[PDB]
Every structure is written in C-alpha cells, then in structure tokens.
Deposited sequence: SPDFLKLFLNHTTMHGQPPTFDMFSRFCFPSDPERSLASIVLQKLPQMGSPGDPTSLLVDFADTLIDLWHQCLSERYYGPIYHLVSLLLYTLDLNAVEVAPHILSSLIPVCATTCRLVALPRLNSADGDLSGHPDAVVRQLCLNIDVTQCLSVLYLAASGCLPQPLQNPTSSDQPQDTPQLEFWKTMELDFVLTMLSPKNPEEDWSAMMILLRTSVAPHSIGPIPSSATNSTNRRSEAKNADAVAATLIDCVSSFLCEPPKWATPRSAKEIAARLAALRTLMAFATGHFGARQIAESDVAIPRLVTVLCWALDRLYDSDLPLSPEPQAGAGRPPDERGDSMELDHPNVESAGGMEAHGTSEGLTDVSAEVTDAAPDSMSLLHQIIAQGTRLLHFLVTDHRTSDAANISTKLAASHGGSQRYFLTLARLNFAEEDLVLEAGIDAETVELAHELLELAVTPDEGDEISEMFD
C-alpha cells in the first residue's frame, strides 16, 4: 500500500496535480490533457510563443474549473502561471491579459463578495454554506499576485495600437478595485490591491479605463470618464491615510504601514502629470494629506514608541512633505493646490498645518527631530512655510 498513505500524510496542506479530474469527465486527468496538448505548443524559434501557449492552456483549464466550480486545482494553476509568467513577464503578459484578468476577477470575487456582505468580513459561520469551504480552498492573494506580475509586465519600457498597460487597465474594472480595497478584506489582499494600482498610471488616465460606448472612440466621453475615475480613486485612496482599515489596530505598526501604503499609491499617481493635477484639484486629498502629516508628527512625540514604527513614521513625514511640496510648488498644479481655502487639517484647520510645518523646520531644536528627519525634508518644509506665512 503506497499512494493512499502519501496522499494521507502529504496533505502545509498540499494536493497532487495528477489526481484532479473534471466531473464532466472524471477519468481524464488534468496532467493528461496538459501532456497531450504539450508537444503542439509554440512555434519554432520563439520561446515566448511556448510560454504564451502554455499560460493560455493554464488559463483555459482554470476557466473550466470556474465553470464547473471544481476549485481544487486553482492553486496549482495560479502557481504555474506565477513561474511561467515571472520567467519573461515583459514579453509574455500582453498576450495573456485578455483572458487572464476576468478569470482573476471572478476568482477573487468568489471570496470578496461574501466578505463584503459579512458584517466585519469574517467568514466564520455567518454564511453557513459552501462559502465557508470556499474561503479555505482558494487564495485571493496569489491571484492578485498574478495580476500584479502581469501589470508590471505590461508597464512601459524605456525603449497606432494602445500600449499594453492601456489594454490591461481598459480590461480591468473599477468596481473590482473598490471592492478589493474594502476594509473588510484582510491585510494581504488590501495591500496587494493598493500596490497593484501603482501600475495604472497612464499618460491620460490613472486607474482602470471604462468601456467605450461605440466601436469608434469618443475623445470627449473618455476624457470625462478618466476625470471621474480619477476623482473617485483619489477619494478612496486618500480616505485610508486618515482612517485605515479596521484590521489596522489603531495604535499599531500595521496602521502606519497602511497609511504609508496609501500615501505611496498617491505618489504613484502623482508621477504622471494627469494624476498630479487630479490630486491637486481633489477636494479631499490635500486636507487628508496635511492631516496625516500632523498625525505622524504628533505620534513621533508619542508617550511610548517601540519593521520599526519610528522609521515608518519618518518615511510618512519625508515622502509626504515631498509630495505636498511637489503639488503646491510646481507650476502645473500650483494654482489649484496652493488655493488652500480651508485646505488644511481636520482637527485644527490651518493652525495645525502651520505649526507642524514650523516643528519640521526647527528639526535641530527637538531632540527626536534632530536624529530623525532628513535635511532636504527641512528644506522643503522651509519653502512651504515661506509660502504658508503669506500668499
């Protein structure tokens, strides 16, 4: 007696890829069809052709798994996509996204939608159905990881049809973004999405691109769509840096990590002219950003301060003042951001803004600031204070 016992003890819990078969044909193993379809893959001389054909066979098998809700072999197919895609992602991903992205979307939604319906996002008992097993069977975080690898593969390289970034995010949909960012999601899935959005910075549109009405393009309509998507994502993302997810314990390092991640994605948007302008014109991004600078500074004086929480707080201060200086000082956004008509902290208005700028300027006098914040940070804060004292 050999196989049954390895099947017993082998299950961290792992299962063998050869055992899985579709219930539509329970005597044909997945390994079998992969093998008989294998020698037909790839045109000669093109290894990327082989990778594309192979990843296509994986995605098709996973799509069929979803159709028959046989969720066993999802993990292994995702894993093989991670290896095959990681191999030459910049060449392989643009051929794949058309089918890969909707499969990731529905696969993630199988878990995210009951989470979002769940009171606090916990699946323990509350649905009392096959959903309970469904959370255990499929990992969202690896799916999002395949999406992130495919996005980075599509990202523009240093060296007409749309760029592959642009296809990727035209076929990426916004309600998926907003649900995957819902604070009812766990840490790994949420941070996975916040990181994924950094690859959506296109020259005219951050975030995903809504589908066009006709087969012919409408410049006016798309302009309006880009504008709306931008304002919405910036509202969503900026909301976190003043109010992190519930799983960020409200004094823990994870909170600081989350606020830092939100800030990082806003920076990602600001890399492009369009994203920066949209942040500057946002009615909530800047007063939230000022609010979190005041927050992080005041927490740097915290009664008890134990990744290092302190180092993260200095990253929030340095990178956050970097961003705010970029927005207020650059000519492209100055006339919008610097308006600052009540654009300041939530708790104390313009006063706390000016004060936290001062305390950042006098880094030397405060002992915690002398040994902390960089010199260029003090320089930026000094310029911003020089404009802040009088318009």
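Gaps in the model (deposited sequence, numbered from 1): Gaps vs deposited seq, in order: 1, 13-18, 167-174, 322-374, 460-470.
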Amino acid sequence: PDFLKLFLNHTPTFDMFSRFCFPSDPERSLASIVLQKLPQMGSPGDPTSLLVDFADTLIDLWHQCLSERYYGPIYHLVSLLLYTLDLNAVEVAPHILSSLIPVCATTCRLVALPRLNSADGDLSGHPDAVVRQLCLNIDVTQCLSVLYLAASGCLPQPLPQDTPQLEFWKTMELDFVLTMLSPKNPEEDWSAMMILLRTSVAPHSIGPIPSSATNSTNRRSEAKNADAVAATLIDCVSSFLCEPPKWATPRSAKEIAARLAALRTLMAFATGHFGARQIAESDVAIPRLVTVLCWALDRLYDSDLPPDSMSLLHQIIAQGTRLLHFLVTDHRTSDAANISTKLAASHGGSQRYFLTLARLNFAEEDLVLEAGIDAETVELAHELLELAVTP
From here on, numbers count along this sequence of modelled residues.
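Given 124-132 and 145-153, the range whose Cα B-factors average higher in the PDB entry: Comparing 124-132 with 145-153, the higher average CA B-factor belongs to 124-132.
Stretch exceeding the other in mean C-alpha B-factor - 265-273, 245-253: Here the higher of the two C-alpha B-factor means belongs to 245-253.
Candidate set 303, 191, 212, 282 [ranked by C-alpha B-factor, highest]: In the PDB entry, the greatest C-alpha B-factor among 303, 191, 212, 282 is found at 303.
Third assignment of residue 336 from its chain's C-alpha B-factors: It belongs to the middle third of the chain when residues are ordered by C-alpha B-factor.
Lowest, middle or highest third - CA B-factor, residue 187: Middle third.
Record-listed C-alpha B factor of residue 322: chain third: It belongs to the lowest third of the chain when residues are ordered by C-alpha B-factor.
Chain third (lowest, middle, highest) by recorded CA B-factor, residue given as residue 73: Middle third, going by the recorded CA B-factors of the chain.
Ranked C-alpha temperature factor of residue 307 among modelled chain residues, by third: According to the entry, residue 307 has a C-alpha B-factor in the chain's highest third.
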